[PDB]
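One structure below.
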Amino acid sequence: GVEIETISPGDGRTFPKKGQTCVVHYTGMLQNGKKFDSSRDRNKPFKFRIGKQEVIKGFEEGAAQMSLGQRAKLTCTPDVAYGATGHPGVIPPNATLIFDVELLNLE
């Protein structure tokens with residue numbers, strides 16, 4: 001389940017496609033919890049592509065449902081990313097994830 005609550009401005013037409021390398025200022029957030037991840041800290045804004053399942057599934061569908069300049073807010077279910085397993089020491093099992101995502105990409 002992917003839920004989008006878009007902070008408005010951007011273009012709304014340039015959509016991410018396959019074979020496209022994209023740049024995301026992501027920010028991790030725990031539901032009823034503190035932060036766990038931020039691309040704003042390292043300031044190297046995480047160049048990655050679409051179509052190799054490099055990212056988790058909840059972040060994957062949220063990438064395609066955005067456009068250039070936009071600023072969405074993800075809501076990831078536990079079963080698509082880590083809710084069965086839990087990432088060791090960082091993300092507990094059965095965890096619901098919140099993301100602050102801005103798409104300022106190329107291609």
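Identifiers in the structure tokens: chain A, B, ... in order shown; residue index from 1 per chain; ligand index from 1 in order shown.
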> Which neighbours of residue 77 of chain A fall inside 7 Å, counting only C-alpha atoms, when residues of the same chain fewer than 5 positions from it are skipped, and could you give them as a list in words?
Replying inline: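 These residues fall inside the cut-off: residues 1, 96 and 97 of chain A.
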>> Please identify the helix (DSSP H, G or I) residues within segment 18-100 of chain A (assignment by DSSP from backbone atoms) and present them as a list in words.
In response: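 Filtering segment 18-100 of chain A to helix (DSSP H, G or I) leaves residues 39, 40, 41, 42, 57, 58, 59, 60, 61, 62, 63, 64, 78, 79, 80 and 81 of chain A.
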> So what do you get for atom CA of residue 51 of chain A versus atom CA of residue 89 of chain A, distance-wise?
Replying inline: 28.1 Å
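Straight-line separation from atom CA of residue 88 of chain A to atom CA of residue 30 of chain A: 15.4 Å.
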> Looking only at the backbone, which of the residues in segment 2-56 of chain A does DSSP tag as strand (DSSP E), as a PyMOL selection string?
Replying inline: chain A and resi 21-30+47-49
>> Considering only C-alpha atoms, can you say which of A:85, A:20, A:31, A:6 comes closest to residue 62 of chain A?
In response: A:6
Taking only C-alpha atoms into account, produce a table as a tab-separated table in which each residue of segment 5-59 of chain A with an atom at most 7 Å from an atom of segment 64-70 of chain A appears once, together with its shortest atom pair and the distance in Å to one decimal, ordered by chain and rising number.
```
residue	atom	partner	partner_atom	distance
A:7	CA	A:70	CA	6.8
A:8	CA	A:70	CA	6.5
A:9	CA	A:70	CA	5.6
A:10	CA	A:69	CA	4.2
A:11	CA	A:68	CA	6.2
A:12	CA	A:67	CA	5.2
A:13	CA	A:67	CA	6.3
A:14	CA	A:67	CA	5.3
A:15	CA	A:67	CA	5.1
A:16	CA	A:64	CA	5.3
```
Atoms kept (N, CA and C atoms) for selection, written as a compact mmCIF listing (two decimals), in the first residue's frame:
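Result file follows (part.txt):
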```txt
# COMPACT_ATOMS: atom_id res chain seq x y z
N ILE A 7 2.59 17.78 -1.35
CA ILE A 7 2.80 19.23 -1.28
C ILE A 7 2.97 19.72 -2.71
N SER A 8 2.17 20.73 -3.08
CA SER A 8 1.77 20.96 -4.47
C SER A 8 2.90 21.14 -5.50
N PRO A 9 3.83 22.10 -5.37
CA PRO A 9 4.43 22.70 -6.57
C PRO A 9 5.39 21.78 -7.31
N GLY A 10 5.46 21.99 -8.62
CA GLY A 10 6.22 21.14 -9.52
C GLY A 10 5.72 21.30 -10.94
N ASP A 11 5.61 20.19 -11.67
CA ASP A 11 5.05 20.25 -13.02
C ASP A 11 3.90 19.25 -13.20
N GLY A 12 4.00 18.10 -12.54
CA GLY A 12 2.94 17.12 -12.60
C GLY A 12 2.80 16.37 -13.90
N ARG A 13 3.79 16.43 -14.78
CA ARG A 13 3.67 15.74 -16.06
C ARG A 13 4.89 14.88 -16.37
N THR A 14 6.06 15.25 -15.86
CA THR A 14 7.28 14.51 -16.15
C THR A 14 7.32 13.31 -15.22
N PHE A 15 7.00 12.18 -15.73
CA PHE A 15 6.87 11.04 -14.84
C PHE A 15 8.08 10.13 -14.97
N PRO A 16 8.51 9.52 -13.86
CA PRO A 16 9.64 8.58 -13.93
C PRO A 16 9.26 7.31 -14.68
```
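Nearest to residue 27 of chain A of all the residues A:101, A:81, A:106, A:50 is A:101, based on only C-alpha atoms.
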>> If we count only C-alpha atoms and set the cut-off at 7 Å, which residues sit around residue 2 of chain A, ignoring sequence neighbours fewer than 3 positions away in its own chain? Please answer as a VMD selection string.
In response: chain A and resid 58 61 to 62 74 to 76
>> Neighbouring residues of segment 53-56 of chain A were defined as those with any atom within 9 Å, considering only C-alpha atoms; residues of the same chain fewer than 3 positions away were excluded. Please report them as number ranges by chain.
In response: A: 48-50, 59-60, 80-82
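The residue that comes closest to residue 102 of chain A, out of A:34, A:73, A:87, A:17 and on the basis of only C-alpha atoms, is A:73.
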>> Env of residue 47 of chain A: 10 Å cut, atoms = only C-alpha atoms, seq-sep filter 3 positions within chain, self excluded. Answer as a list in words.
In response: residues 21, 22, 23, 24, 25, 44, 105 and 106 of chain A
>> So the first atom is atom CA of residue 41 of chain A and the second is atom CA of residue 5 of chain A; what is the distance between them in Å, to one decimal place?
In response: 23.8 Å
> Smallest atom-to-atom distance to residue 19 of chain A: which of A:32, A:46, A:52, A:86, using only C-alpha atoms?
Replying inline: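 Comparing A:32, A:46, A:52, A:86 against residue 19 of chain A, the winner is A:52.
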